[PDB]
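In what follows, a structure is listed as structure tokens, so that the remarks can point back to it.
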Amino acid sequence: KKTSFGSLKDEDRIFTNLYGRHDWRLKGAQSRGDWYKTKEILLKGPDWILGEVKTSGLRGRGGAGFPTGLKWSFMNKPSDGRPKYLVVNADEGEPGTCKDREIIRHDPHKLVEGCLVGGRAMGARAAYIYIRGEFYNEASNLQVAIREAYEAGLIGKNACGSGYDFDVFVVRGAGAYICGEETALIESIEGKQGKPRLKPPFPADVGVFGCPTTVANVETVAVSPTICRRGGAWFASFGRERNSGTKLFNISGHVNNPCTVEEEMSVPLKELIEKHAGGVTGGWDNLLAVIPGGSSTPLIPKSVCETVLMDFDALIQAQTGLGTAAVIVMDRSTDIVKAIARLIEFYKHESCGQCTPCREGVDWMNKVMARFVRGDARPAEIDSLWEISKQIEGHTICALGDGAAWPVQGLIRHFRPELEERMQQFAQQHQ
Amino acid sequence: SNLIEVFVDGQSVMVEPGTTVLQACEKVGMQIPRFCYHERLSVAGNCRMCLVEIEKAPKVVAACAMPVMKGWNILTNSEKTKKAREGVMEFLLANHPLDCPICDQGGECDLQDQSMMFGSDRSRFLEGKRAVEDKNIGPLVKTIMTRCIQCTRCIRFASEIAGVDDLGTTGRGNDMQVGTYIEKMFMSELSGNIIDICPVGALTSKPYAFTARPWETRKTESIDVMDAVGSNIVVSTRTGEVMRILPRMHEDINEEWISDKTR
Amino acid sequence: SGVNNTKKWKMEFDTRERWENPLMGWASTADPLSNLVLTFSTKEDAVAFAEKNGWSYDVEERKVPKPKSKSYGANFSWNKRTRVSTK
Amino acid sequence: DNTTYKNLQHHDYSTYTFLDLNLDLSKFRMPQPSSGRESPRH
Amino acid sequence: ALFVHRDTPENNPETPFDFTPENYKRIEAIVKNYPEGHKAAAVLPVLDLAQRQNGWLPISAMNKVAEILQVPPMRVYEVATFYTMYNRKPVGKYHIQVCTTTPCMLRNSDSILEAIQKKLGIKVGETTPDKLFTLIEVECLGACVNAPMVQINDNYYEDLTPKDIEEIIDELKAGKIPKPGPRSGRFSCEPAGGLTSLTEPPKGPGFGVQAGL
Ligand SMILES: Cc1cc2nc3c(=O)[nH]c(=O)nc-3n(C[C@H](O)[C@H](O)[C@H](O)COP(=O)(O)O)c2cc1C
Ligand code: SF4
Ligand code: SF4
Ligand code: SF4
Ligand code: FES
Ligand code: FES
Ligand SMILES: [K+]
């Protein structure tokens, strides 16, 4: 098979207007191959479309990586009299992550067609696009694209002349990173506090308005038109087995050229930073640690970054995760403890407060981490902090609690001498 | 007919479909720890005190909200189950105020009693605690809201049983506060029942304040006469004096509630 | 919510006068059975104990809570009134 | 040309741009489903 | 940041608020987006609309939204206090929102924050005497590659330096609307110094389309 990955050609790139050089409206999108033979895809039927996504190996780009074809297939069942909906998760809240922002404002028609193609495969009557309220301009672009699609007959009654009725609604959030969680997002669309639901029931059974629903990331939805047009097998020819396809990467932090780029899955982490982002500030040897998939994923030290591949399975072996593939790079001038402490402060500001371990636990960790920044603590508290995070992890309603425990575990796992060295320093200045 | 078979600590029990893990355990005489769950309110699943291990399953489930599945073995005394309870109790007590001597709930507090039975015997919380301001909701219910553990029992009772949507939560995170947001009285004819369901001393009886402790009261089972419903009550007396009125469960009359006039 | 004090049968006697001690105001009693409470495993055991001791007794059936149908998903009903407006 | 930015329309967006667009889109939408009652409180 | 309402002369249930006739037409469109019998789904967009009309949400505005949609006022208060974009107190004409989460912290968002403070002379969480600016810190705004960035109302200003933000503020005082987007050479999220990708003309319709349609 293929042993090395990366160096993707522009012909095999999906989001061919990532940087907004070409016109983002309907005229430009059609010139780039969007909305092509969409009618034919729709008449192939939900089974064929679901087969395309199953064969492609697509996994959720929202941060959990569930195989999309299997996930979307939960909706492929006879109707119960209730309407069925597709919700596109464009809350884009994970710190370090800003890839769905580009799709919404520069390639809006791929998403709109993605809603129709993905919507048809689920037998959904409409798509609700939830977008964070801060992306006001981006949500305004998406409405122009939706209006153009309505006026060109692409969506709505008898969409694309296919006989299928489909609507696309845009819904703006009001400032809440928790509303990117799939059940918290559904609650917000219903006009409630963004508080996740317990499972079961699953959204495919009881979802938005109590109806069968599927929540899919913007990136996941926006690629399904091309997976069907160009074929699932073409998509599966990228990346390692069970880590298929291309992927949008955000490289931010201490890199020379922070950027958003599209690359092949399983590209080496070192290659990704150096080729596209202009390398680490001060050179590679200045690298201290990297968070490879947004704030939730645990950091990794320079040694692990030497060879680690950027995909779901490889990063699991490195005791982290691909997440949203937002690479936050920290150089040796960083205060690693303070950097993570600011991340725990983020999760403390974002916990919905619903359930006990995160409502009280995350705030507890924030106070301990703040003290660890100054070394105003004892080494025995480090293992206490490790135990506290394990009590949060796996005991909460949603995965935000896990996402607030993993960064703490990553810091303790790789930088314990830094913590114990700060406590020792603080102690001597206070004698 | 349609009963499915589950196991509680290896003991087989037959239950209807839709029975929760928590209900399956009751059929063998075990009571799962709880705070947010109440059998007469809608399921919430937020306190996480009912987490229990399912055999050969990596993740603990909320016993109050999880339907059982055929063949499940519910390990209600496992090391994983016991350590889940200890962690949750620890988070509940982190910001809780050291109030038991001045708190009316003392001696009949589910937080005290489940800390004794299912919690650790000491604290490792080395920070300062949260402090919340108090809220006036009328002359019958006193609110010491720093004791609130955010179980939302009062909110669900106010909405579902009294049919009043006045109580809610404001803010979020550790700062989420139960209350009415605005200055408002909760004066339903059934309002006094939020004193009983509240598991802590956050909502207490103003008329009863400070007068007695639970262990020293003698309980007479009696009948209310303020209406023709015939609500079953417990009269609490002490040294020849009536101290308070409590509901007495009767499924076919008052369930477990009473009116404010009765109370 | 604990139900561990509802497991056994109890026998208690009728309440009689308690009055205020003139000196200190304490509650005085002339009833030797005021504090006598007996625990029994079953209703039959309690009745047999009362028969052989000559006491007139009233027995009250045990009240067991009814089994409830609980469903977390009912909170989000498409068309029923059980749908909640807050969590 | 691949040398110029072509997303400058939002430079002249305003307070009501998004809701004006939502209002104009209303004519193309399908009739909504109904749950059978005016609300869960009916 | 208190989550309890205390009546004041300027913020009480009798404070005058009402949607304009035009905003009532917009509200009709919002409500039509959701299934019949689920008007409560409109609570967030209608509250946001009232904020856009009024600039912030007095208790009367929340009570108006509840009345329109037939939802208890408490369920509107919960939404108003849960979501951080709702302003339950008046804010300056320009709400400056500086991201300070770690990716922007690594790109020196502190220098940006101090530059705004030094210029306007207000600490974080305050409003200028003339009531033109309100300064706060916010969590990740989803523009991390273009860090450090700020958001003023609905616009993003990105790749900032202390010099750049002072230039923007000067324009706002002058009344001009500054251009959203990066203040460095680049336009959006591309790598600086040249594209490492998408340097070829995008392919056209029906390219690589699989046989069988
Ligand atoms: C706290 C939290 C925040 C999340 N934020 C987002 C988000 O902003 N965008 C997103 O696509 N998924 C987000 N997710 C993941 C969703 O819960 C869900 O897994 C995803 O939308 C599923 O879509 P997908 O399978 O196509 O990836 C978040 C999850 C959690 C726990
Ligand atoms: S883990 Fe945190 S964010 Fe998730 S439901 Fe519990 S309190 Fe809310
Ligand atoms: S509610 Fe219970 S644990 Fe809390 S102070 Fe009162 S008696 Fe003590
Ligand atoms: S006041 Fe009592 S019943 Fe209400 S949420 Fe707090 S602890 Fe629960
Ligand atoms: S009793 Fe189950 S989570 Fe509260
Ligand atoms: S960390 Fe500032 S925009 Fe993401
Ligand atoms: K109580």
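Letters A, B, ... go to the chains of the structure tokens in the order shown; residues in each chain start at 1; ligands are counted from 1 in the same order.
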Practice problem: Residues within 12 Å of ligand 3 should be enumerated using only C-alpha atoms and all ligand atoms and returned as a PyMOL selection string. | Solution: chain B and resi 35+89+92-116+143-149+195+198-204+213-214
Practice problem: Write out as a PyMOL selection string all residues of chain C that DSSP puts in strand (DSSP E) for this structure's backbone. | Solution: chain C and resi 9-12+18-20+27-29+37-40
Quiz item: Neighbours of ligand 6 within 7 Å, counting only C-alpha atoms and all ligand atoms, as a ChimeraX atom specification?
Solution: /A:95-97 /E:99-104,139-144,147-149
Would you put the residues from that selection into a file with C-alpha atoms, as a JSON list (two decimals), in the first residue's frame?
[["chain", "number", "residue", "atom", "x", "y", "z"],
["A", 95, "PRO", "CA", -9.84, 26.56, 21.16],
["A", 96, "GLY", "CA", -7.21, 26.50, 18.47],
["A", 97, "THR", "CA", -9.78, 25.37, 15.91],
["E", 99, "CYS", "CA", -9.55, 36.89, 22.94],
["E", 100, "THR", "CA", -7.15, 35.73, 25.66],
["E", 101, "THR", "CA", -7.32, 31.94, 25.35],
["E", 102, "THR", "CA", -4.05, 30.06, 25.01],
["E", 103, "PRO", "CA", -3.50, 30.20, 21.20],
["E", 104, "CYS", "CA", -3.98, 33.98, 21.24],
["E", 139, "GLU", "CA", -12.66, 32.89, 25.12],
["E", 140, "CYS", "CA", -11.52, 31.57, 21.74],
["E", 141, "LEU", "CA", -13.32, 33.40, 18.95],
["E", 142, "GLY", "CA", -12.57, 30.76, 16.32],
["E", 143, "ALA", "CA", -9.85, 32.75, 14.55],
["E", 144, "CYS", "CA", -6.76, 31.32, 16.19],
["E", 147, "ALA", "CA", -4.07, 35.69, 16.41],
["E", 148, "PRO", "CA", -4.03, 37.96, 18.32],
["E", 149, "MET", "CA", -7.51, 39.08, 17.29]]
Practice problem: With a distance cut-off of 9 Å and only C-alpha atoms, select the neighbouring residues of residue 201 in chain A, excluding the residue or stretch itself and same-chain residues fewer than 5 positions from it, and output the selection as a ChimeraX atom specification. | Solution: /A:206-207 /C:72-73
Just-selected residues, C-alpha atoms written as a short mmCIF file (atom, residue, chain, number, x, y, z; two decimals), in the first residue's frame:
data_model
loop_
_atom_site.label_atom_id
_atom_site.label_comp_id
_atom_site.auth_asym_id
_atom_site.auth_seq_id
_atom_site.Cartn_x
_atom_site.Cartn_y
_atom_site.Cartn_z
CA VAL A 206 -35.28 11.50 19.90
CA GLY A 207 -33.53 14.66 18.78
CA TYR C 72 -35.65 10.08 30.48
CA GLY C 73 -36.62 10.50 26.83
#
Within 8 Å of chain A, which residues of chain B come that close, and what is the closest atom pair and distance in Å for each? Count only C-alpha atoms and give it as a tab-separated table.
residue	atom	partner	partner_atom	distance
B:45	CA	A:198	CA	7.0
B:46	CA	A:355	CA	4.3
B:47	CA	A:356	CA	5.3
B:48	CA	A:356	CA	6.6
B:51	CA	A:395	CA	7.5
B:59	CA	A:394	CA	6.6
B:60	CA	A:395	CA	7.2
B:65	CA	A:198	CA	7.8
B:66	CA	A:200	CA	7.0
B:84	CA	A:391	CA	7.1
B:87	CA	A:391	CA	5.4
B:88	CA	A:357	CA	6.3
B:91	CA	A:360	CA	5.6
B:92	CA	A:356	CA	6.8
B:94	CA	A:360	CA	7.2
B:95	CA	A:360	CA	7.6
B:127	CA	A:367	CA	7.2
B:150	CA	A:354	CA	7.8
B:172	CA	A:352	CA	5.0
B:173	CA	A:353	CA	3.7
B:174	CA	A:359	CA	5.0
B:175	CA	A:353	CA	7.6
B:176	CA	A:353	CA	6.0
Exercise. Show which residues sit within 10 Å of residue 22 in chain D, as a PyMOL selection string. Count only C-alpha atoms, and ignore same-chain residues fewer than 3 positions away.
Key: (chain A and resi 140+143-144+146-147+169-171) or (chain D and resi 16-19+25-27) or (chain E and resi 26-27+29-30+33)
Given the selection you just returned, output its residues as a file containing N, CA and C atoms, formatted as an mmCIF file, in the first residue's frame.
data_model
loop_
_atom_site.group_PDB
_atom_site.id
_atom_site.type_symbol
_atom_site.label_atom_id
_atom_site.label_comp_id
_atom_site.auth_asym_id
_atom_site.auth_seq_id
_atom_site.Cartn_x
_atom_site.Cartn_y
_atom_site.Cartn_z
ATOM 1 N N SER A 140 -23.790 35.432 7.601
ATOM 2 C CA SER A 140 -24.443 36.238 6.580
ATOM 3 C C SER A 140 -24.069 35.767 5.180
ATOM 4 N N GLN A 143 -26.144 32.737 4.360
ATOM 5 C CA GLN A 143 -27.527 33.019 3.995
ATOM 6 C C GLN A 143 -27.644 33.499 2.556
ATOM 7 N N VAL A 144 -26.656 34.250 2.066
ATOM 8 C CA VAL A 144 -26.632 34.605 0.650
ATOM 9 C C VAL A 144 -26.525 33.349 -0.202
ATOM 10 N N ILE A 146 -27.434 30.325 0.621
ATOM 11 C CA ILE A 146 -28.699 29.605 0.716
ATOM 12 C C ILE A 146 -29.757 30.276 -0.150
ATOM 13 N N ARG A 147 -29.803 31.607 -0.136
ATOM 14 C CA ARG A 147 -30.774 32.311 -0.965
ATOM 15 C C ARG A 147 -30.499 32.082 -2.443
ATOM 16 N N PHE A 169 -32.062 25.858 7.023
ATOM 17 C CA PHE A 169 -32.222 26.962 7.958
ATOM 18 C C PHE A 169 -30.908 27.216 8.682
ATOM 19 N N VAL A 170 -30.591 28.485 8.911
ATOM 20 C CA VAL A 170 -29.415 28.879 9.678
ATOM 21 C C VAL A 170 -29.876 29.396 11.030
ATOM 22 N N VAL A 171 -29.256 28.900 12.093
ATOM 23 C CA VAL A 171 -29.583 29.280 13.459
ATOM 24 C C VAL A 171 -28.299 29.720 14.140
ATOM 25 N N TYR D 16 -28.919 44.279 10.656
ATOM 26 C CA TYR D 16 -30.049 43.434 10.311
ATOM 27 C C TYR D 16 -29.813 42.610 9.058
ATOM 28 N N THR D 17 -28.572 42.528 8.581
ATOM 29 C CA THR D 17 -28.311 41.790 7.351
ATOM 30 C C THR D 17 -28.793 40.349 7.463
ATOM 31 N N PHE D 18 -28.432 39.666 8.550
ATOM 32 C CA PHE D 18 -28.776 38.252 8.675
ATOM 33 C C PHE D 18 -30.283 38.044 8.756
ATOM 34 N N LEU D 19 -30.987 38.882 9.518
ATOM 35 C CA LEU D 19 -32.425 38.705 9.680
ATOM 36 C C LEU D 19 -33.212 39.234 8.488
ATOM 37 N N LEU D 25 -35.870 34.931 2.702
ATOM 38 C CA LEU D 25 -35.908 33.500 2.441
ATOM 39 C C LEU D 25 -37.242 32.863 2.797
ATOM 40 N N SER D 26 -38.112 33.572 3.518
ATOM 41 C CA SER D 26 -39.312 32.946 4.062
ATOM 42 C C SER D 26 -40.241 32.443 2.965
ATOM 43 N N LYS D 27 -40.229 33.081 1.796
ATOM 44 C CA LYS D 27 -41.154 32.705 0.735
ATOM 45 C C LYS D 27 -40.799 31.374 0.083
ATOM 46 N N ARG E 26 -39.755 40.755 11.051
ATOM 47 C CA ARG E 26 -38.627 39.839 11.164
ATOM 48 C C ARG E 26 -38.938 38.709 12.133
ATOM 49 N N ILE E 27 -39.618 39.020 13.238
ATOM 50 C CA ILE E 27 -39.965 37.988 14.209
ATOM 51 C C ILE E 27 -40.916 36.969 13.601
ATOM 52 N N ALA E 29 -40.851 35.921 10.528
ATOM 53 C CA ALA E 29 -40.004 35.022 9.758
ATOM 54 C C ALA E 29 -39.260 34.056 10.666
ATOM 55 N N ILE E 30 -38.755 34.548 11.798
ATOM 56 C CA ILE E 30 -38.017 33.689 12.718
ATOM 57 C C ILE E 30 -38.902 32.547 13.194
ATOM 58 N N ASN E 33 -39.599 29.433 11.068
ATOM 59 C CA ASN E 33 -38.527 28.479 10.822
ATOM 60 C C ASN E 33 -38.725 27.169 11.568
#
Around ligand 1, which protein and nucleic acid residues have at least one atom no more than 8 Å from it, if we count only C-alpha atoms and all ligand atoms? List them as a tab-separated table (two decimals) with N, CA, C and O atoms, in the first residue's frame.
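And here's part-v4.tsv as it stands now:
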chain	number	residue	atom	x	y	z
A	59	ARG	N	-14.62	9.70	8.86
A	59	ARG	CA	-14.84	9.72	10.29
A	59	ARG	C	-15.12	11.16	10.72
A	59	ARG	O	-14.62	12.10	10.12
A	60	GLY	N	-15.93	11.30	11.76
A	60	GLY	CA	-16.39	12.62	12.16
A	60	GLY	C	-15.27	13.61	12.38
A	60	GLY	O	-14.31	13.33	13.10
A	61	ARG	N	-15.39	14.78	11.76
A	61	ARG	CA	-14.40	15.84	11.91
A	61	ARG	C	-14.70	16.77	13.08
A	61	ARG	O	-13.96	17.73	13.29
A	62	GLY	N	-15.76	16.50	13.84
A	62	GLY	CA	-16.14	17.37	14.93
A	62	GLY	C	-15.27	17.26	16.17
A	62	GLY	O	-15.25	18.19	16.98
A	63	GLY	N	-14.56	16.15	16.33
A	63	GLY	CA	-13.66	16.01	17.46
A	63	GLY	C	-13.72	14.66	18.14
A	63	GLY	O	-12.98	14.42	19.09
A	64	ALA	N	-14.61	13.78	17.67
A	64	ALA	CA	-14.74	12.45	18.23
A	64	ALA	C	-14.49	11.33	17.23
A	64	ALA	O	-14.25	10.20	17.66
A	65	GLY	N	-14.55	11.61	15.94
A	65	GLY	CA	-14.13	10.65	14.92
A	65	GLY	C	-14.95	9.40	14.78
A	65	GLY	O	-14.40	8.33	14.50
A	66	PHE	N	-16.27	9.49	14.93
A	66	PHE	CA	-17.10	8.32	14.67
A	66	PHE	C	-17.19	8.08	13.16
A	66	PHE	O	-17.33	9.04	12.39
A	67	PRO	N	-17.10	6.84	12.71
A	67	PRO	CA	-17.27	6.57	11.27
A	67	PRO	C	-18.62	7.07	10.77
A	67	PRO	O	-19.67	6.60	11.18
A	68	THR	N	-18.56	8.04	9.85
A	68	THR	CA	-19.75	8.80	9.48
A	68	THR	C	-20.81	7.91	8.83
A	68	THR	O	-21.99	8.00	9.16
A	71	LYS	N	-22.68	6.14	11.34
A	71	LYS	CA	-23.48	7.07	12.13
A	71	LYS	C	-24.71	7.52	11.36
A	71	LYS	O	-25.84	7.42	11.85
A	88	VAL	N	-26.40	20.62	11.26
A	88	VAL	CA	-24.99	20.82	10.96
A	88	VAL	C	-24.38	21.61	12.10
A	88	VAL	O	-24.80	22.73	12.40
A	89	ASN	N	-23.38	21.02	12.75
A	89	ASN	CA	-22.73	21.64	13.90
A	89	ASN	C	-21.66	22.59	13.38
A	89	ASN	O	-20.56	22.16	13.02
A	90	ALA	N	-21.98	23.88	13.34
A	90	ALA	CA	-21.02	24.92	12.99
A	90	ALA	C	-20.74	25.83	14.18
A	90	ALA	O	-20.52	27.03	14.01
A	91	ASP	N	-20.75	25.27	15.40
A	91	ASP	CA	-20.49	26.08	16.57
A	91	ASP	C	-19.02	26.44	16.69
A	91	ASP	O	-18.68	27.49	17.25
A	92	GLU	N	-18.13	25.59	16.18
A	92	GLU	CA	-16.72	25.93	16.02
A	92	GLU	C	-16.18	26.63	17.26
A	92	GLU	O	-15.82	27.81	17.21
A	93	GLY	N	-16.12	25.92	18.38
A	93	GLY	CA	-15.77	26.55	19.64
A	93	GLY	C	-14.47	26.06	20.24
A	93	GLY	O	-13.88	26.74	21.09
A	94	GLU	N	-14.01	24.90	19.81
A	94	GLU	CA	-12.82	24.28	20.37
A	94	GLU	C	-11.62	25.22	20.22
A	94	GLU	O	-11.28	25.58	19.08
A	177	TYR	N	-19.49	27.71	24.28
A	177	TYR	CA	-18.72	26.63	23.68
A	177	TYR	C	-19.37	25.27	23.91
A	177	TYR	O	-19.19	24.35	23.11
A	178	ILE	N	-20.15	25.13	24.99
A	178	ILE	CA	-20.84	23.88	25.25
A	178	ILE	C	-21.91	23.60	24.20
A	178	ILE	O	-22.26	22.44	23.97
A	179	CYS	N	-22.43	24.62	23.54
A	179	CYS	CA	-23.44	24.39	22.52
A	179	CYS	C	-22.89	23.77	21.26
A	179	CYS	O	-23.62	23.66	20.29
A	180	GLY	N	-21.62	23.37	21.23
A	180	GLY	CA	-21.12	22.56	20.15
A	180	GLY	C	-21.29	21.08	20.43
A	180	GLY	O	-21.26	20.26	19.52
A	181	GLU	N	-21.48	20.73	21.70
A	181	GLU	CA	-21.85	19.37	22.04
A	181	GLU	C	-23.20	19.04	21.42
A	181	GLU	O	-24.12	19.85	21.43
A	182	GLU	N	-23.32	17.82	20.88
A	182	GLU	CA	-24.43	17.54	19.97
A	182	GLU	C	-25.79	17.68	20.64
A	182	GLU	O	-26.71	18.27	20.07
A	183	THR	N	-25.94	17.16	21.86
A	183	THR	CA	-27.23	17.29	22.54
A	183	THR	C	-27.42	18.68	23.14
A	183	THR	O	-28.56	19.15	23.23
A	215	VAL	N	-26.58	15.01	14.04
A	215	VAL	CA	-25.69	16.16	14.12
A	215	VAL	C	-24.38	15.79	13.45
A	215	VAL	O	-23.76	14.78	13.80
A	216	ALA	N	-23.96	16.60	12.49
A	216	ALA	CA	-22.74	16.35	11.73
A	216	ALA	C	-21.93	17.63	11.65
A	216	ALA	O	-22.48	18.72	11.49
A	217	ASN	N	-20.61	17.49	11.76
A	217	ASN	CA	-19.72	18.63	11.66
A	217	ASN	C	-19.81	19.26	10.27
A	217	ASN	O	-20.17	18.61	9.29
A	218	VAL	N	-19.47	20.55	10.21
A	218	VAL	CA	-19.44	21.24	8.93
A	218	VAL	C	-18.51	20.53	7.95
A	218	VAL	O	-18.87	20.28	6.80
A	219	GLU	N	-17.31	20.19	8.40
A	219	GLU	CA	-16.36	19.53	7.51
A	219	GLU	C	-16.88	18.18	7.06
A	219	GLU	O	-16.73	17.80	5.89
A	220	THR	N	-17.48	17.42	7.97
A	220	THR	CA	-18.02	16.11	7.59
A	220	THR	C	-19.08	16.25	6.51
A	220	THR	O	-19.10	15.49	5.54
A	221	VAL	N	-20.00	17.20	6.68
A	221	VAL	CA	-21.08	17.37	5.72
A	221	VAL	C	-20.55	17.92	4.40
A	221	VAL	O	-20.96	17.48	3.33
A	398	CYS	N	-21.59	14.93	29.64
A	398	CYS	CA	-21.03	15.07	28.30
A	398	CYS	C	-19.51	14.97	28.38
A	398	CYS	O	-18.94	14.74	29.45
A	399	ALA	N	-18.87	15.17	27.24
A	399	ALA	CA	-17.43	15.00	27.12
A	399	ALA	C	-16.64	16.27	27.44
A	399	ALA	O	-15.42	16.25	27.33
A	400	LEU	N	-17.30	17.36	27.81
A	400	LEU	CA	-16.56	18.54	28.24
A	400	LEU	C	-15.75	18.23	29.49
A	400	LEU	O	-14.61	18.69	29.63
A	401	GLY	N	-16.33	17.47	30.42
A	401	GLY	CA	-15.59	17.09	31.60
A	401	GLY	C	-14.34	16.29	31.27
A	401	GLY	O	-13.29	16.49	31.87
A	403	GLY	N	-12.81	16.56	28.40
A	403	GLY	CA	-11.95	17.51	27.73
A	403	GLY	C	-11.23	18.45	28.66
A	403	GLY	O	-10.24	19.06	28.25
Quiz item: Please, which residues of chain B lie no more than 9 Å from chain E when the count uses only C-alpha atoms, and can they be set out as a list in words?
Solution: residues 164, 165, 166, 167, 168, 169, 170, 171, 172, 175, 176, 177, 179, 180, 181, 182 and 183 of chain B
Go ahead and save the picked residues with C-alpha atoms, as a PDB file, in the first residue's frame.
ATOM      1  CA  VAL B 164     -45.665  26.989  38.134  1.00  0.00           C
ATOM      2  CA  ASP B 165     -42.652  27.893  35.988  1.00  0.00           C
ATOM      3  CA  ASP B 166     -41.191  30.455  38.391  1.00  0.00           C
ATOM      4  CA  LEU B 167     -38.071  28.576  39.513  1.00  0.00           C
ATOM      5  CA  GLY B 168     -35.053  28.067  37.314  1.00  0.00           C
ATOM      6  CA  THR B 169     -31.298  28.297  37.017  1.00  0.00           C
ATOM      7  CA  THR B 170     -29.353  31.422  36.083  1.00  0.00           C
ATOM      8  CA  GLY B 171     -25.769  31.743  35.001  1.00  0.00           C
ATOM      9  CA  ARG B 172     -23.754  28.638  34.271  1.00  0.00           C
ATOM     10  CA  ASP B 175     -21.839  30.065  39.340  1.00  0.00           C
ATOM     11  CA  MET B 176     -25.152  28.518  38.246  1.00  0.00           C
ATOM     12  CA  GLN B 177     -27.791  29.612  40.756  1.00  0.00           C
ATOM     13  CA  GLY B 179     -33.861  30.910  41.966  1.00  0.00           C
ATOM     14  CA  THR B 180     -36.348  33.212  40.276  1.00  0.00           C
ATOM     15  CA  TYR B 181     -33.837  35.715  38.829  1.00  0.00           C
ATOM     16  CA  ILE B 182     -36.204  38.565  39.725  1.00  0.00           C
ATOM     17  CA  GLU B 183     -37.587  39.282  43.197  1.00  0.00           C
TER      18      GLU B 183
END
Within 7 Å of chain E, which residues of chain D show up when using only C-alpha atoms, listed as a CSV table (one decimal) with N, CA, C and O atoms, in the first residue's frame?
chain,number,residue,atom,x,y,z
D,5,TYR,N,-8.3,38.9,-2.9
D,5,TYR,CA,-9.3,38.4,-2.1
D,5,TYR,C,-10.7,38.8,-2.7
D,5,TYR,O,-10.9,39.9,-3.1
D,11,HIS,N,-17.9,43.4,4.2
D,11,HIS,CA,-17.5,44.8,4.6
D,11,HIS,C,-18.7,45.7,4.7
D,11,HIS,O,-18.6,46.7,5.4
D,15,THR,N,-26.5,45.7,10.8
D,15,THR,CA,-27.0,45.0,12.0
D,15,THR,C,-28.1,44.0,11.6
D,15,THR,O,-28.1,42.9,12.2
D,19,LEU,N,-31.0,38.9,9.5
D,19,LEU,CA,-32.4,38.7,9.7
D,19,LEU,C,-33.2,39.2,8.5
D,19,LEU,O,-34.3,38.7,8.2
D,22,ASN,N,-33.0,36.3,6.3
D,22,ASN,CA,-34.0,35.3,6.8
D,22,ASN,C,-35.4,35.6,6.4
D,22,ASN,O,-36.2,34.7,6.1
D,23,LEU,N,-35.7,36.9,6.5
D,23,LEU,CA,-37.1,37.3,6.1
D,23,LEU,C,-37.3,37.1,4.6
D,23,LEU,O,-38.4,36.7,4.2
D,26,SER,N,-38.1,33.6,3.5
D,26,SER,CA,-39.3,32.9,4.1
D,26,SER,C,-40.2,32.4,3.0
D,26,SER,O,-41.0,31.5,3.2
D,32,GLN,N,-44.3,24.2,7.5
D,32,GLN,CA,-43.7,23.5,8.7
D,32,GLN,C,-44.6,22.3,9.1
D,32,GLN,O,-45.8,22.4,8.9
D,33,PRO,N,-44.0,21.3,9.7
D,33,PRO,CA,-44.8,20.3,10.4
D,33,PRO,C,-45.4,20.9,11.7
D,33,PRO,O,-45.0,21.9,12.2
D,34,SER,N,-46.4,20.2,12.2
D,34,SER,CA,-47.1,20.6,13.4
D,34,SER,C,-47.1,19.4,14.3
D,34,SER,O,-47.3,18.3,13.9
D,35,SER,N,-46.9,19.7,15.6
D,35,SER,CA,-47.0,18.7,16.6
D,35,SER,C,-48.4,18.4,17.1
D,35,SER,O,-48.5,17.5,18.0
D,37,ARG,N,-50.5,20.7,18.6
D,37,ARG,CA,-50.9,21.5,19.7
D,37,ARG,C,-50.1,22.8,19.6
D,37,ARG,O,-49.0,22.8,19.1
D,38,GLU,N,-50.7,23.9,20.2
D,38,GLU,CA,-50.0,25.2,20.1
D,38,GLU,C,-48.7,25.2,21.0
D,38,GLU,O,-47.8,26.0,20.7
D,39,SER,N,-48.6,24.3,21.9
D,39,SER,CA,-47.3,24.2,22.7
D,39,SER,C,-47.4,23.0,23.7
D,39,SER,O,-48.5,22.4,23.8
